[PDB]
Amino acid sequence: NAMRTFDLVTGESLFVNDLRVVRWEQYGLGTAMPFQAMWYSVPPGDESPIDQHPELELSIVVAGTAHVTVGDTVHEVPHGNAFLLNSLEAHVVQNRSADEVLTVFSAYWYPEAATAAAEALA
């Protein structure tokens, strides 16, 4: 129970259009983590269907470059950089590269979970 390794390539995946999504529910972590998580990969020139949800979402780009449209704003997020989406903000994630796959790790959580956590730190 000391450490677990999680592999983007060997995990079970589903496809949203052509985006490969690896959801962490498959790993049966239960409540050990105060959030849910996934990897997703976007083919070159592709983009995610518009997404909107009460959970905040923190994303780290582990390969390629993301162009994230939130409202009337495009944010460019290169490999290594991160972005945080506030609750219920609609968003589209775009891979404008012609040859490089965009892969992202996302953690996401309901606002109540985060405030319940921090009050325990009090």
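Residue indices: 1-based, along the sequence shown.
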* Structure fact -> Assert higher mean C-alpha B factor (5-13 or 110-118, deposited values) equals 110-118
* Stretch exceeding the other in mean C-alpha B-factor - 22-30, 38-46 -> 22-30
* To do: Compare the CA B factors listed in the entry for 66, 70, 60, 63 and report the winner.
  => 70
* To do: Sort 77, 93, 74, 85 by C-alpha B-factor from the entry and give me just the highest.
  => 74
* To do: Taking the values exactly as deposited, rank residue 104 by C-alpha B-factor within its chain and report the matching third: lowest, middle or highest.
  => lowest
